[PDB]
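So the protein sequences, as listed, match chains B and X. Residues 12 to 473 (the numbering used here) make up the first sequence, in order. Residues 2 to 464 (the numbering used here) make up the second sequence, in order. Input: a single structure, listed below in structure tokens.
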Amino acid sequence: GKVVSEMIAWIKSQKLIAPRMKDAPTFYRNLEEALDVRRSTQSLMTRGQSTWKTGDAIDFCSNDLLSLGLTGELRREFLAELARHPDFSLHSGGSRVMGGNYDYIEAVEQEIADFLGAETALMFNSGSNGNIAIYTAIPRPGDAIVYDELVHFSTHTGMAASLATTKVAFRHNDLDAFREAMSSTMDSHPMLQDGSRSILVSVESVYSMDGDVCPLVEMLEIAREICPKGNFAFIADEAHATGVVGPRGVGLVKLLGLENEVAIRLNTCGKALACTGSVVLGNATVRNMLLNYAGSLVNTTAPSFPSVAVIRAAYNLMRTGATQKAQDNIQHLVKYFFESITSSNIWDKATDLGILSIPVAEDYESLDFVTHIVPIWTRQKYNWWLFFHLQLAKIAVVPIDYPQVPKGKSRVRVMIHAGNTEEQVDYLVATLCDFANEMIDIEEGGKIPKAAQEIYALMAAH
Amino acid sequence: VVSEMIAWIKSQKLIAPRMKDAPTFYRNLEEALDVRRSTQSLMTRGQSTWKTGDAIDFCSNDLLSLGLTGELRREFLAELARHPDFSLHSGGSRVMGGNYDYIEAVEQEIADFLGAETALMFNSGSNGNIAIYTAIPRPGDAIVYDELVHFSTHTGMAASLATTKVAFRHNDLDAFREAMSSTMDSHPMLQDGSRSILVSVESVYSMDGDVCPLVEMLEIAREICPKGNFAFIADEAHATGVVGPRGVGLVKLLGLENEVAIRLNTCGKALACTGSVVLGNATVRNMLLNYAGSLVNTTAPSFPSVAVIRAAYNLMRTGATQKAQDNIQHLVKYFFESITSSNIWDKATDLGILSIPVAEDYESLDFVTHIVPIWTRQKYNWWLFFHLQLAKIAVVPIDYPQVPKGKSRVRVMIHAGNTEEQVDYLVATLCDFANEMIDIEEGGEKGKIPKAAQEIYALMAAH
Ligand SMILES: CC/C(=N/Cc1c(COP(=O)(O)O)cnc(C)c1O)C(=O)O
Ligand SMILES: CC/C(=N\Cc1c(COP(=O)(O)O)cnc(C)c1O)C(=O)O
């Protein structure tokens, strides 16, 4: 219905366009050639998913983690906040350091900083710009940046534009490789050995595309062991941690009581807090470093009053406890899904054959908590088929593929929200087990499964 | 207020001395901050002295006084009220489930008001320029850009896939002609029309206040690129709302919406909120959605953020900013006649004591802009700022790194909500400073400090 109208528009947008641009001007000629590169691998993005916004599909893909957007709970606290300041000055006035600072944004920052256990906060338009500012301002020449290989794109963009000359990745969440990265970096840099420069460790609290948790206590112990002079500093991107983890959604850093051990923390408002923006946490020296050396911040207009107001409304819902029930239902529904798919008859054969792989679902009971992020892996030549199977079953997931991940690591990303139900989770489990069945029967018989046939049929027409 | 200047005075006291047993990371961080303090140009809280009412606003970016009057606020809240059940959260990135009908419809309203085929909305003008210059240039293309394009344009070009980036002297048609032709003559794939030259300009330049001669550069581009293998990119941050009928900006005013492939219009200035739109055909828009990785990997704008942009443009389309816009023109022409009619103007400008280049031949233009950069001698620049501030006139001082080392100045912004009496006081204050400086220099005492600097140097001693 509405599922099939967007599949058609998606199929149609991958038709190569350059063979029609021979007469077009050179500028548009080469742009449509560049778009054709993506079309050729069927990865041209246009209008997104959105079948869940209309009711035509379950929402297992959006970032509305606590359903604050779905319920209108944030909108009502947002309008209530604007009503506490009639005649508010909407316009900031300019750059935050030249005409754009005002009392209400400083007060909201300190309010948030107090709630998350930090000394100071600085507000950005987004988590991305938060990362851009951190890694263009904070790293000094002679510093070293050691980062998890799956840090966010904005972190990669910030580090590339950094003043630091030494940046070394380490294998994802691997405490051994992080040790090897730390000590091999120390040994070859005499300025780190005598403590005249620092090593900056860059990690995410919860990884957007894997769903696992940074072992921060252990990394901090490794760091102190390698750098006994204390010349290290951590930077924790809690994008997918805020609102999900910790008492009243404070995140992983405060949950572990590391608020004095992690020098820089980024908390974003784009997921659980159901709006946009971010704050960078640190002491007053970090904050003044961003205001003075993060040129991206210096040359952009400061947040408007409504933008600050929606952020404050979201932390209000967190800090007054209004999100606590939604926060536990995530834990419940993720465990409920984990129990249900690992208890179905076919999970064992499908896991050996490699038909389905959900690594976050294994050993889940030994963790202090679970995450909302559940990537589901299949065979790489089955990935689009798994997507079409769920999509045609009226379950909206996010497909992950090149360029978003390396060209061989394709997967499906399922998001469990506080506003989902056990009936919907049962439907997701049953839907996945039908797919695992279909591919095992094909593997035991060149057949193409039902769902893919229908999508390939629509292509043969469009 | 004395308090804002006192706080600024304290923020310049060096701190590296107290940092010994301070850990390496905070010591090196505060050592970098000291580099700014030792030149007295550390920034902390800005210039908000005007915001309360204790100083005249000649500094903010609220050009049409939409923020001051609450006009945009009232329309913004009525727009929210006409959508009582709006979905606040976008859902994710614009290409992954953050798209919705409201933002697309708003985009097309802005495109059609601006005379463009499509529009694409960003969090900021800076993010728009980032997206343009990382997504649009192809390998083999050349970028010819005005040296004074915005910081975000410089960041975007440095992350670009184009391998020839050529700057040219600001607003200079001969320098631009020389950049275009020497770039054309050294690239066989520009000569044969298979790659393109991208031309990057601001319609109104944020710190010199002058206007890009866009019709002249298009003529020169077509001359040097007879195959038409070129494309212009016009950043209109300081034109939207303030230039053209009903604020449509410079490109539409000259009727060049079909000759300028990419346009950036921003909401941080005269439109009194935040955000931007990139304008172009659907090939440009798809290019940004697929190759601007900054856009792909960030959350899509929430409903209230879209609605205030809509309210701003709706104000412009109902003609509710035209009188504010005519007021700007009146007040800037009034400042220009006033200051150049002053007694000391001839002497102060011959001596380089005062210099306002946008005040020269302002009558030979079709319009003026709101940006009045005021120069003095480089060693007097903070003295000029102190003098203006203590006279309760809020201006924004402009020093390294915002500008080159020896190009420090002070930026006055004329807003619609300003008055002729406020302009009279500014001129009187400027003439006092010029007179005080001419006296000090002819008195032959190289240690003589002006009055307003004496007070600042006093508080520095006390505090
Ligand atoms: C930061 C205050 C400011 N910005 C100027 C500016 C921007 C940034 O746009 P945005 O703030 O990211 O929406 C973009 N392009 C031009 C030409 C500009 O002059 C100013 O001139 O005081
Ligand atoms: C919206 C795309 C997305 N994640 C965003 C994200 C950001 C950017 O945050 P912002 O949208 O600029 O505020 C920063 N750090 C991490 C770890 C992230 O995962 C996702 O997983 O769908």
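Built from N, CA and C at the ideal position, the CB exists for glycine as well.
Sequence-distant residues of its chain with Cβ nearer than 6 Å to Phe-337/X (five each side left out): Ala-360, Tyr-363
Residues in the stretch 70 to 82 of chain X having any Cβ partner in chain B nearer than 8 Å: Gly-71, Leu-73, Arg-74, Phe-77, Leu-78, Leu-81
Separation of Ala-176/X from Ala-159/X, as counted between CA atoms: 22 Å
Near-chain X residues of the stretch 306 to 320 of chain B (beta-carbon distance less than 9 Å), N- to C-terminal order: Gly-306, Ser-307, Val-309, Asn-310, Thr-311, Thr-312, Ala-313, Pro-314, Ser-315, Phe-316, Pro-317, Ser-318, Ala-320
Cβ-Cβ separation, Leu-81/X to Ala-285/B (assumed contact under 8 Å), whole Å: The pair is not a contact, with the Cβ atoms about 16 Å apart (cut-off 8 Å).
Alpha carbon of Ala-468/B to alpha carbon of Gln-25/B, nearest angstrom: 15 Å
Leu-30/X beta carbon less than 8 Å from that of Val-273/B: no
C-beta contact flag for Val-381/B and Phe-71/B at 8 Å: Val-381/B places its beta carbon 8 Å or farther from that of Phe-71/B.
Chain X contact residues for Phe-99/B, given Cβ-Cβ distances below 8 Å: Here the neighbours are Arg-74.
contact_flag[the stretch 98 to 114 of chain B, the stretch 64 to 71 of chain X] where n(CB pairs < 8 Å) is 3 or more: yes
Residue-chain proximity (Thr-131/B, chain X), Cβ-Cβ < 8 Å: no
CB contact check: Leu-30/X to chain B, cutoff 8 Å: yes
Contacts of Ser-195/X in chain B (Cβ-Cβ under 9 Å): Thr-37, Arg-40, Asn-41
Distance between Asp-75/B and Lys-336/B (C-alpha atoms, nearest Å): Answer to the nearest angstrom: the Cα atoms are 15 Å apart.
C-beta neighbour in chain B for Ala-222/X, strict 8 Å: no
Chain-order list of residues whose beta-carbon lies under 6 Å from that of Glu-449/B (same chain, five-residue window excluded): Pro-460
Burial state of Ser-61/X, where buried means 16 or more other Cβ atoms lie within 10 Å: buried
Cross-strand partners of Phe-446/B (DSSP beta bridge): Paired residue(s): none; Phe-446/B is not in a bridge.
Residues bridged to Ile-372/X (per DSSP): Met-414/X
Alpha-carbon to alpha-carbon, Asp-425/X and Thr-37/B: 54 Å
Own chain, CB closer than 8 Å to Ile-69/B, minus 5 neighbours either side, in chain order: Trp-63, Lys-405, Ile-406, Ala-407, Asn-431, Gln-435, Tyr-438, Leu-439
Rounded separation between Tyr-381/X and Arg-196/X - CA only: 48 Å
Cβ-based neighbour list, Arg-28/X, same chain, cut-off 6 Å, excluding 5 preceding and 5 following: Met-20
Residue closest to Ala-143/X, alpha-carbon to alpha-carbon, out of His-151/X, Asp-186/X, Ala-454/X, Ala-117/X: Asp-186/X
Whole-number beta carbon distance between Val-119/B and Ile-427/B, since they are thought to touch under 8 Å: Cβ-Cβ separation between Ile-427/B and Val-119/B: approximately 30 Å, too far for a contact (criterion under 8 Å).
Burial state of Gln-53/B (16 or more Cβ within 10 Å): exposed
Under 9 Å by beta carbon: chain B residues contacting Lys-324/X: Residues of chain B passing the Cβ test: none, with the nearest at roughly 19 Å.
Cross-chain neighbours of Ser-61/X in chain B, by beta carbon under 7 Å: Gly-104, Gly-105, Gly-110
Rounded distance between the beta-carbons of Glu-148/X and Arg-178/X, thought under 8 Å: Rounded, the Cβ-Cβ distance is 15 Å, inconsistent with contact.
Rounded separation between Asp-193/X and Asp-47/B - CA only: 23 Å
Proximity test, Cβ basis, 8 Å: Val-200/X and chain B: No, because no Cβ of chain B sits closer than 8 Å to the Cβ of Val-200/X.
The beta strand (DSSP E) enclosing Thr-165/X, as first and last residue numbers: Here the beta strand (DSSP E) through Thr-165/X covers 165 to 169.
Residues in the stretch 177 to 208 of chain B having any Cβ partner in chain X nearer than 8 Å: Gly-206, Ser-207, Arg-208
Under 8 Å between C-beta atoms of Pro-402/X and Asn-124/X: Not closer than 8 Å, so no.
Alpha-carbon to alpha-carbon, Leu-431/X and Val-162/B: Computed Cα separation, rounded: 52 Å.
With 16 other Cβ atoms within 10 Å as the buried cut-off, status of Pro-152/B: exposed
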